[PDB]
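Here the structure comes first, spelled out in structure tokens, and everything after it is commentary.
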């Protein structure tokens with residue numbers, strides 16, 4: 157993704173970078189991304205009727 | 034060259050009859066006042082009607098009638114000499130503009146000419162603004178070239194009063210309330226969004242338009258659709274007859290008479306509903322053969338209940354007249370009901386006498402009086418073999434309501450001199466066959482409506498409230514339409530019926546009286562209808 161059209165969830169200071177030892181095998185990291193904030197969806201979100 | 038003191042044009046008029054083309058030039062003297070005080074205001078019908086819309090500070094040229102374009106003789110010579118006609122291209126020219134100011138210096142009112150006052154003129158060719166012009170409106174171009182023509186105030190439908198009614202309170206948004214949504218999604222149009230010209234006394238403008246439309250047929254069929262055949266030859270077809278009136282029976286076949294032959298040509302569509310005549314005193318309720326209540330699924334129109342079969346809101350037939358809009362005439366190809374649907378007056382703004390004219394005379398035999406359907410034997414079949422007949426049965430019945438069906442052929446209504454020329458075809462996705470029971474020619478894009486308002490000149494006020502200068506515009510408009518015509522040709526030996534005046538009941542007609550009152554026809558024949566004598570081999 158060169159345009160960064162998908163969430164860039166990579167953080168500095170993550171343990172999944174390229175190994176420093178060239179002879180160690182490198183297991184790629186599972187990708188995932190933030191979506192919503194648990195306590196900002198919390199109150200009165202019941203789907204009984206739309207609340208605009 | 035140009036300026037305040039040279040005229041932009043001159044009076045053009047007359048007509049040119051030709052083999053392939055007729056060109057009718059007409060000029061009128063018009064004036065537009067200040068409409069509604071230079072403001073858009075919500076238009077609500079008094080009485081019981083749910084029609085609601087906008088009243089606009091604008092006025093418009095309505096060129097749609099025949100009698101405005103043709104004189105009585107130009108019409109007569111048109112209908113007598115030509116088989117069919119349609120418009121090709123129209124050209125309107127608005128010129129010799131004059132803007133006058135109305136000032137009251139004393140008890141008297143004096144009219145003095147204010148130069149440097151503009152007039153807004155806007156032709157909507159794309160129909161981006163609501164086309165609210167209706168055929169059968171009293172605001173068309175005058176038939177008398179010497180009468181001055183007051184343009185009509187423009188306004189348009191916005192929302193339906195009983196479809197905004199229920200629970201529309203603005204306390205909180207209701208997104209599931211559908212009537213709340215109709216009011217939200219109803220449009221509001223302003224003609225100041227559009228590019229348009231502002232003219233002064235020295236300036237002029239003109240507009241061209243190219244019609245794409247069907248024809249207007251002036252010839253009649255002398256023969257019923259089903260009556261055209263040769264009795265001298267015997268037909269090859271037989272008709273079935275049940276014999277013994279029981280289960281053991283079978284059809285026995287015998288040849289048609291040479292004088293009675295079956296046909297493949299059905300009667301054109303019709304609806305046998307004559308409209309409501311109950312002596313109802315309310316003019317704004319729907320009195321018409323077919324009244325149509327438009328309500329979206331979730332809406333409740335006027336007083337509505339839920340049909341428990343479908344669980345949908347429906348209305349009683351009495352309440353529907355409140356909520357609905359009639360369509361007339363629906364008779365279409367039935368000429369028996371010609372007298373029902375159309376009744377109209379020629380005389381505009383005349384409180385003297387009604388002079389209501391109704392279309393009585395149609396001699397065209399391609400339009401049918403009645404249709405009868407006969408479904409079998411006159412006596413119910415006995416369930417046993419042998420036995421004699423059974424309970425009596427209704428063999429024949431009148432078909433009142435004839436819908437569209439394959440192999441239908443008919444002719445449109447004969448039109449009088451004073452009818453509308455065209456009608457706006459809706460911008461809907463789907464359309465069926467175009468046949469108008471008022472004879473109009475529906476067009477996708479008819480001539481664009483020309484709007485006129487008078488430029489607003491403010492008056493400074495201490496209170497800062499809106500105060501405008503009182504002034505109006507008068508001018509001259511020349512409408513020139515080019516008509517595509519077809520001269521008839523026939524091998525008929527006998528003379529045709531030509532719309533002579535000798536058949537008129539009133540001797541003094543189409544002429545002014547002692548006080549200047551122009552005498553107009555109160556009857557449909559005196560309006561010189563089409564489809565009179567010219568015979569059309571079926």
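Protein chains in written order, with the entry's author numbering: chain J, 157 to 208; chain A, 34 to 571.
Don't be surprised by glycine CBs; every beta carbon is placed ideally from N, CA and C.
Query                                                                                                                               : Result
Through-space distance from residue 35/A to residue 186/A, alpha-carbon basis                                                       : 31 Å
4-residue-minimum alpha helix (DSSP H) runs that sit fully inside the segment 510-537 of chain A, ordered along the chain           : none
CB contact flag (residue 27/A, residue 444/A, <7 Å)                                                                                 : An answer regarding residue 27/A cannot be provided, because it is not within the stretch 34 to 571 covered by chain A.
Beta-carbon gap between residue 397/A and residue 564/A smaller than 7 Å                                                            : yes
Straight-line Cα distance separating residue 181/J from residue 171/J                                                               : 14 Å
Distance between residue 278/A and residue 373/A (C-alpha atoms, nearest Å)                                                         : 42 Å
The segment 188-195 of chain J / the segment 49-57 of chain A touching (three or more Cβ pairs under 8 Å)                           : no
DSSP-derived helix/strand/coil call for residue 105/A                                                                               : helix
Complete beta strand (DSSP E) runs within the segment 175-203 of chain A (minimum length 3 residues, chain order)                   : 181-183, 185-193
Chain-order list of residues whose beta-carbon lies under 6 Å from that of residue 512/A (same chain, five-residue window excluded) : 59, 96, 125
Same chain only: Cβ atoms within 7 Å of residue 232/A, ignoring 5 sequence neighbours per side                                      : 130, 151, 152, 154, 238
Beta-carbon proximity list for residue 430/A, same chain, < 8 Å, skipping 5 on both sides                                           : 405, 406, 407, 408
Contacting residues, own chain, Cβ-Cβ under 7 Å from residue 340/A (five flanking each side not counted)                            : 347
Own chain residues within Cβ distance below 6 Å of residue 69/A, not counting five before or after                                  : 88, 90
Three-state secondary structure assigned by DSSP to residue 359/A                                                                   : strand
Cβ pair count under 8 Å reaching 3, the segment 319-334 of chain A against the segment 350-362 of chain A                           : yes
Opening and closing residue of the alpha helix (DSSP H) in which residue 374/A lies                                                 : 371-374
Among 175/A, 310/A, 149/A, the one whose alpha carbon lies nearest that of residue 379/A                                            : 175/A
Beta-carbon proximity check, residue 402/A vs residue 369/A, cutoff 7 Å                                                             : yes
Limits of the alpha helix (DSSP H) - the one that residue 211/A falls within                                                        : 211-218
Helix, strand or coil at residue 560/A [DSSP, three-state]                                                                          : helix
Cut-off 6 Å between Cβ atoms - residues of its own chain near residue 45/A, not counting five sequence neighbours on either side    : 58, 60, 511
Alpha-carbon to alpha-carbon, residue 336/A and residue 268/A                                                                       : 60 Å
Inter-residue Cα distance where the pair is residue 418/A and residue 428/A                                                         : 22 Å
Euclidean distance between Cα positions of residue 492/A and residue 502/A                                                          : 6 Å
Helix, strand or coil at residue 224/A [DSSP, three-state]                                                                          : helix
Cut-off 8 Å between Cβ atoms - residues of its own chain near residue 504/A, not counting five sequence neighbours on either side   : 67, 132, 133, 134, 135, 147, 150, 487, 490
Exposed unless 16 or more other CB atoms sit within 10 angstroms - verdict on residue 573/A                                         : Nothing about residue 573/A can be reported from this structure: the residues present for chain A run from 34 to 571 only.
Cβ shell of residue 296/A (< 6 Å), same chain only, five flanking positions each side left out                                      : 259
Cβ shell of residue 556/A (< 7 Å), same chain only, five flanking positions each side left out                                      : 390, 538
Supposed contact pair residue 521/A and residue 448/A - C-beta distance, whole angstroms, cut 8 Å                                   : The Cβ separation is near 17 Å, so there is no contact.
Pair within 7 Å by beta-carbon distance, residue 481/A and residue 157/A                                                            : yes
Coarse secondary structure for residue 162/J, derived from DSSP in three states                                                     : coil
Per DSSP, the bridge partner or partners of residue 233/A                                                                           : Note: residue 233/A sits in no beta bridge, so no partner.
Rounded C-alpha distance that separates residue 93/A from residue 388/A                                                             : 27 Å
Touching by the beta-carbon criterion (3+ pairs, under 8 Å), the segment 110-126 of chain A and the segment 244-251 of chain A      : yes
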